[PDB]
Number of protein chains: 2
Amino acid sequence: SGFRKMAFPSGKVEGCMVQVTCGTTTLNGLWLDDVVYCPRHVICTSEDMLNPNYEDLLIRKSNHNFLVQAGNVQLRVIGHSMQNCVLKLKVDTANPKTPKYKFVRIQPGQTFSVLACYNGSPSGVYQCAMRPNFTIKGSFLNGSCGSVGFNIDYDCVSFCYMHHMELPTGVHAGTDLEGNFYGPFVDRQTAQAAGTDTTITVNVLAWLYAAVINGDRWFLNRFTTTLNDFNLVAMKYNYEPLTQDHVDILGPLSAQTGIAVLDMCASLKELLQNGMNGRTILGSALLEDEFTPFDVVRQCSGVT
Amino acid sequence: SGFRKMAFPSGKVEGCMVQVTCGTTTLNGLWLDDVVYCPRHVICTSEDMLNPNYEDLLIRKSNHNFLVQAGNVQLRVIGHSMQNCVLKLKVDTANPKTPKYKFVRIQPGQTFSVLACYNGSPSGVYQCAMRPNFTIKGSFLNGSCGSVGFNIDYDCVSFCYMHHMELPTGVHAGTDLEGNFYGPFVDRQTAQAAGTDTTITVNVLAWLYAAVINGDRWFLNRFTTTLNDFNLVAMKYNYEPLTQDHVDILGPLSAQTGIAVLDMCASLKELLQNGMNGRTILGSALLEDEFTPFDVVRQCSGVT
Ligand SMILES: COc1ccccc1OCCNC(=O)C1=CC=NC(=O)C1
Ligand SMILES: COc1ccccc1OCCNC(=O)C1=CC=NC(=O)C1
């Protein structure tokens, strides 16, 4: 028993991290097969970031201008191309530590592990959720760009995020591995509105099921609700509307605990309307939304 | 910016994990050089765990009874010995993935990463603190025994914990890598009192400094206090007494932010006496104590 904000083991991803330098800028790259992926803003200087013309900036660059180093060994760059906001540097050597991998675009509300890196070296790993507004609340300092987010299913790493920037509000924005930003964000040093965020309702319910499985039950009540009634409360408290697809994904947790999804919704409704009254759930004094129903089942079953 | 409960990258530890089977029991082992370390309770059966005679149980076992498998390859056991509550199985092959390592006994209040494993396979990584009462609030299910805790300083892994059991209260107990339990715990299936736990005051203060560095400042007030006055409040709220050694370790964070340690103590005093009033600090609605002053500096500076 016990419940933790668990990240995937980062080993398979550590073996892919490289340092990429272009001029005076150094950031992180991901070396998979004979390609290194990194944010295209590695080609920018301070004067450029306000509104860089990436096509023009990249034209002044040659294969030899991109310095790629994997630990202490230098990789030979034989090609370069820009795909959306990522640069793909073709190298003459396939990464011998390349795991089985996929590039996936995750949905808002889904979770993933981030391996924060500096100068191509891993510093730490933490579990994140892609906010409904497509930002992530990470921990990234100068030099962290090119750090990636991923999920792991047995031996396959599904890369879903590459870190590009911190918005003036202190939240983080990045792209999928094809360089498409999550959300409306552009890779420019400008004020960018991130939409209204909401709490991931299906994840809070999954976390309430994790609480019951692990022994924290004080919040269970004698009430039930309907999807319509619950959604009126979800609206008032900036929670995502619950759909039948969300109820269906909560099926296994409802079956395991014997607590019907709408009964758990009624517990969540009471917690939203009355707060915690100074109590905690799974060591938290707020409603946790960065655990999906899949995460809860995985952690509660011990999937390796 | 941003602050997360970050774990160390687990790669160096994943390459050491093995499965150890003895009879019908399977758990995790740590393969370093030509030795595999695992909890000695791998030799027990259900009837034994109420009060096992480990010396007698181990005498009925031979090198060939310990099945050690690293992924898909079987290791040949050429020796076995019990040191405190750990078994050391000598194997004929040194682990080629053995990183630089140390065995350390951490102090209560210190933090470490845990790589939860099942059947010798890593499932996840999370950051823990050794509670003042020598328990850890982990996430471990059946089969997790032998999972380890560690810290990493550049290329050196300092192994500090090996998981042995879950107490009837749902908290976790384990040993250092020499098999000495942290706390009063014994490896028996019996009710075991874990002492009164307290909140790690120096860690809460370090986390308040992390909050100021990252922009959450609402809790800063116009007051100051003394170590004596603060400790009277710490006593009332089951917080560890603050010492000058704790103030000294907070020095770098006090210097970076310009907020004197006793002024931060006065903010903490007001938060203990008045609560959060429905606000959050670094995404938490409670006072966080699982970040040491070293962790805060490391995460705020980007040490890899
Ligand atoms: C506004 O900056 C940008 C806009 C578009 C593109 C790149 C930008 O930044 C490049 C350098 N940024 C960093 O190294 C970070 C510093 C702190 N926190 C982070 O998450 C990243
Ligand atoms: C009371 O059990 C023991 C006492 C002494 C020694 C060993 C004991 O357990 C062996 C198996 N335990 C597990 O696999 C766990 C199940 C669930 N949670 C965990 O943290 C471990």
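A note on names: the letters A, B, ... follow the listed sequences, proteins ahead of strands, and every chain is numbered from 1. Values below: all heavy atoms of this structure, side chains included; hydrogens, waters and symmetry mates excluded. In each ligand, atom 1 is the first atom listed, and ligand 1 is the first ligand listed.
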CZ of B:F134: more than 12 outside heavy atoms within 6.0 angstrom?
yes
Without swapping roles, check the side chain of A:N65 against the backbone of A:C22 for a donor-acceptor pair under 3.5 Å.
no
Pairs of nitrogen or oxygen atoms closer than 3.5 Å, one from A:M165 and one from ligand 1: do any exist?
no
Tell me whether B:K5 forms a cation-pi arrangement with A:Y126, defined as NZ or CZ under 6.0 Å from the six-membered ring centre and within 45 degrees of its axis.
no
Could you tell me the residue and atom name of the protein heavy atom closest to atom 12 (N) of ligand 2, and the distance to it rounded to 0.1 Å?
B:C145 SG, 3.6 Å
At a 4.0 Å threshold, what atoms of ligand 1 neighbour a non-hydrogen atom of A:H172?
20 (O)
Looking only at protein heavy atoms, identify the closest one to atom 14 (O) of ligand 1 and say how far it is in Å.
A:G143 N, 3.1 Å
Between B:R131 and B:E290, does any NZ, NE, NH1 or NH2 come within less than 4.0 Å of an OD or OE carboxylate oxygen?
yes
Nearest protein heavy-atom contact for atom 15 (C) of ligand 2: which residue, which atom, what distance?
B:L141 O, 3.7 Å
From A:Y182, A:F181, A:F185, residue fulfilling ring-ring contact (aromatic ring centres under 6.0 Å, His included) relative to A:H164
A:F181
Check this for me - ligand 1, A:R188, N or O atoms closer than 3.5 angstrom, yes or no?
no
Within the 3.5 Å criterion, strictly below it, is a donor on B:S121 or B:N119 matched to an acceptor on the partner's side chain?
no
In the protein, what heavy atom is nearest to atom 20 (O) of ligand 2, and what distance, to one decimal place, separates them?
B:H163 NE2, 2.7 Å
Sort out for me which residue in A:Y118, A:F140, A:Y37 forms a ring-ring contact (aromatic ring centres under 6.0 Å, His included) with A:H163.
A:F140
Among all protein heavy atoms in this structure, tell me which lies nearest to atom 6 (C) of ligand 1, with the distance rounded to 0.1 Å.
A:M49 CE, 3.3 Å
Of the listed options (A:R40, A:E166, A:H41), which comes nearest to atom 10 (C) of ligand 1 when hydrogens are ignored and any heavy atom counts?
A:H41
Any nitrogen or oxygen of A:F140 lying under 3.5 Å from a nitrogen or oxygen in ligand 1? Just yes or no.
yes
Quick check against the 3.5 Å criterion: does A:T257 have a side-chain atom that pairs as donor or acceptor with the backbone of A:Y209?
no
Any nitrogen or oxygen of A:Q189, main chain or side chain, under 3.5 Å from a nitrogen or oxygen of ligand 1?
no
Distance under 4.0 Å to a non-hydrogen atom of B:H164: what atoms of ligand 2 satisfy this?
7 (C)
